[PDB]
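Take a look at this single chain, the form deposited in one PDB entry, given in structure tokens.
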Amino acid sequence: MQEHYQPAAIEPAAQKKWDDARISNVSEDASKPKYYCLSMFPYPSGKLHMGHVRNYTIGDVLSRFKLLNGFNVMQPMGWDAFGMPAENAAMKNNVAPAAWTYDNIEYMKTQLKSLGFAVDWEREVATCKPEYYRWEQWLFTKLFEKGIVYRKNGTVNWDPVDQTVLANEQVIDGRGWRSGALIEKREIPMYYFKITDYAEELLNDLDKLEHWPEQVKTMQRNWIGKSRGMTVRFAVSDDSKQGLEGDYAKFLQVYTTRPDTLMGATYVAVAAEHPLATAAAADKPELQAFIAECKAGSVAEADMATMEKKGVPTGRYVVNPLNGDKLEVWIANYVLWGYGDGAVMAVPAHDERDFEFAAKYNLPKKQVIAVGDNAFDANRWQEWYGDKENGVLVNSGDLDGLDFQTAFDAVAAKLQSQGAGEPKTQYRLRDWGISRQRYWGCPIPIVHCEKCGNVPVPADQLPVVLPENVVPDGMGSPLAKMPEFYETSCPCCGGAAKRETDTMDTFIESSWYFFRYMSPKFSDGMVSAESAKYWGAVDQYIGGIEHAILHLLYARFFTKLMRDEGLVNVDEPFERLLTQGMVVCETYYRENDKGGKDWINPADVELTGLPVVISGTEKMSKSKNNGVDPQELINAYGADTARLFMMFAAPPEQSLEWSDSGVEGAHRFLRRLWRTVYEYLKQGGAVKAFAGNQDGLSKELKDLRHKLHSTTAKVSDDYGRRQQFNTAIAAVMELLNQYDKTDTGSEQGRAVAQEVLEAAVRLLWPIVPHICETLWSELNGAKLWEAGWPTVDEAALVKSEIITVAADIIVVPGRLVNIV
């Protein structure tokens, strides 16, 4: 054992020792309890980020903890490899996205290996390989036959300068993000998953997930957005039927979740595309213009409520079926065609959006709900205006006095008795559109034939291979310009036919990769039956909150689809979910000649030519050029320091501030750990660790054993139960502090010192395995992973007794107890 801690010496040896042992290469071992720990696999975009290292260290702590506890742990890693970045690099550097993707995969793989993650690299998948994506093409074809996947026209944002389709997130005031040209809205046929057939299932099964953070579950419920409401029909007034045809000339139909307030309706609102808007706009240019601007909008869902609500009166009227009052129809920009009837009623007194809209336009507000003795002011919204549970009806004639549910059913009955309405269940959830007009993605296994239609590719013929010898240009997705790809024969009649050239939403790869890891070389299905039965579901999933809605929903959806096909036998893919925090860092800048700021990367500054300006701390990103390269942290200090800093700086959910002093402190503590073992061995070598009856130990050594087995209990509860790793590390530091202040020089003192150190290096092994593996080998000759996780010695927690009273009519505890 050298005197000085040199991580570049020991970290490669430990990694080779673990790999030669095949500790992380696992099989379907029925004689060991399985544990599947999974971190959200990365985009291979070149280099690991510091947040990558935080995520995968967290995964590795939990994985190593269960390993030391005797679990057969699978911790797989792979590459979410399709997507836009490789096409961007291919337009920048003039290389093939596949060449760029694979070179990044190899580099990032070395990075992960140098960090010592206990990963089964024999289960590695790369989603851009045909061996992977053939199976999602296969699932596509099966669902297409059942109609769960279907084709229908949708509207897209066509950028006419860049010559490709843009998401709403890439449209800024109607203009493409890069080009700057006005977007065109175009209707093209695309493919959809009928995820709405699974709405109630995906909502209800959320209640099974007792170990999910409740905010993730709440976000999923709000996204599915089930509600139980009422269809209500408002008869069109005789004076308003001009230009209307069909049922639109008879009535305006609306959906509402608050039919108990229908006596409170003071106007109604329709979508820009509603027939009443069309009929009203026919002789009114201002309505025509209002409709045009609504159609030309690109309000993304995540911004829908941040949009300013606007409308225009149409001059048409409808009749409330309950009280007969005539309501003017307004066209409103917040009423969305395709969500239900594309038309709503408005009750300004008991709906905040209606309150704000009515206040802007001085539309009337009519109270029909009362709560307690609260004051109703028609000018100031109050939160009790929208209370359902604790409200009573007023100004509603027959319905006065009723609560929410009873008035609901009474309104239902009144409407049904007139044939003017009926109860109705709705979902905000939209079907999942998966067509992308992109090259670097999984081809859609459909062939178009003029006689046979859209036909799925036979399974015998899958994969439809994406040709990798392609360099995107900047004038359409290449596939549409490659007859060598799309020209083919019809698999049903053999005639002249064309392959679909759109590719799949890349969320699709990430919706089932956790099952592929169970048998990533299985050539006869998505996942082998024997492996799916053994591994079951993911026990622990770790990933960022940015994937808590879409990706998790899609993964849960795919799991039920695969279950329904008989490929798996679980309802839910992920049992426990941990959301790790972002990583932040200072920013630096220097003003430029044009009155702006040029952002300086922290690696290119000298702290304390001419200096730059220190600025505000935010998430590491290419936005303000403030990303700290994890590889430089590894080269300077070793993987163990990097791992420790990230786990000590902050609890997992909290954002982690980059800290140069924090890194140095992490390294100093690893130095201290090394010196403590070295000095313990330099005095008189290793001994058998203390065990058994501790009667006759001195108080000082009993107190060290108390602190020791207390620390083991604390750290076990922190790894397993609370998943708070920073407090586990400080608890081991406190143990070493007490050891430092204990004379352990006697025969019994050495035996207790051995016990302390053998436990400490095992307790820290999931955090810093390279140095602990090395120190454990100097202290004990058994395999660390065979010694296993430290066990708590309950006797070491028994305090000495002191009638006689244990350490847990006057009466003073521990001096007397005057019976008076």
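Whichever C-alpha set is largest while still superposing within 1.5 Å between the two forms counts as the rigid core. One rule holds for the numbers: they count along the sequence shown, beginning at 1.
This protein has a second form, the form deposited with a small molecule bound, left out of what is shown; the following refers to that one.
Chemist: I'd like to know if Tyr255 sits close to the small molecule in the entry with it bound, meaning any non-hydrogen atom pair within 4.5 angstroms.
Modeler: Yes, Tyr255 sits close enough to the small molecule in the entry with it bound that at least one of its heavy atoms falls within 4.5 Å.
Chemist: Residue-level contact is defined here as any heavy atom of the residue lying within 4.5 Å of the small molecule in the entry with it bound; does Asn168 satisfy this criterion?
Modeler: Because no heavy atom of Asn168 falls inside 4.5 Å of the small molecule in the entry with it bound, the answer is no.
Chemist: In the entry with it bound, does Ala731 come within 4.5 Å of the small molecule, counting heavy atoms only?
Modeler: Because no heavy atom of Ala731 falls inside 4.5 Å of the small molecule in the entry with it bound, the answer is no.
Chemist: So, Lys241 and the small molecule: in the entry with it bound, are they within 4.5 Å at any heavy atom pair?
Modeler: Outside the cut-off, so no.
Chemist: Among the candidate stretches 199-207, 458-466, 330-338, 473-481, which one is within 4.5 Å of the small molecule in the entry with it bound when only heavy atoms are counted?
Modeler: Among the listed stretches, the partner-contacting one is 330-338.
Chemist: If you check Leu704, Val447, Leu276, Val344 against the small molecule in the entry with it bound, which one has a heavy atom within 4.5 Å?
Modeler: Answer to the contact question: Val344.
Chemist: Of these, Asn374, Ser523, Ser227, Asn635, which has a heavy atom no more than 4.5 Å from the small molecule in the entry with it bound?
Modeler: Spelling it out, the residue with a heavy atom inside the cut-off is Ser227.
Chemist: Core-aligned, between this form and the one not shown, one residue among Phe522, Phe485, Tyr589, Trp658 moves its CA by 2 Å or more. Tell me which.
Modeler: Residue with a C-alpha shift of 2 Å or more: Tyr589.
Chemist: Relative to the superposed rigid core, does the CA atom of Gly616 travel 2 Å or more between this form and the one not shown?
Modeler: For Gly616, whose C-alpha is compared between this form and the one not shown after core superposition, the shift is 2 Å or more.
Chemist: If the two forms are fitted on the core, does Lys360 show a Cα displacement reaching 2 angstroms between this form and the one not shown?
Modeler: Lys360: C-alpha displaced by 2 Å or more between this form and the one not shown.
Chemist: Hey, does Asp571 budge by 2 Å or more at the Cα between this form and the one not shown once the core is superposed?
Modeler: No, because once the rigid core is superposed, the C-alpha of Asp571 moves less than 2 Å between this form and the one not shown.
Chemist: Flagged pair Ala90/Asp598: C-alpha distance shifts by 3 angstroms or more in the entry with it bound. Which direction, closer or farther?
Modeler: Those two alpha carbons end up closer in the entry with it bound.
Chemist: Compare the CA separation of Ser623 and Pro42 in the entry with it bound with the one in the displayed structure, and answer closer or farther (the difference is at least 3 Å).
Modeler: Relative to the shown form, the pair is closer.
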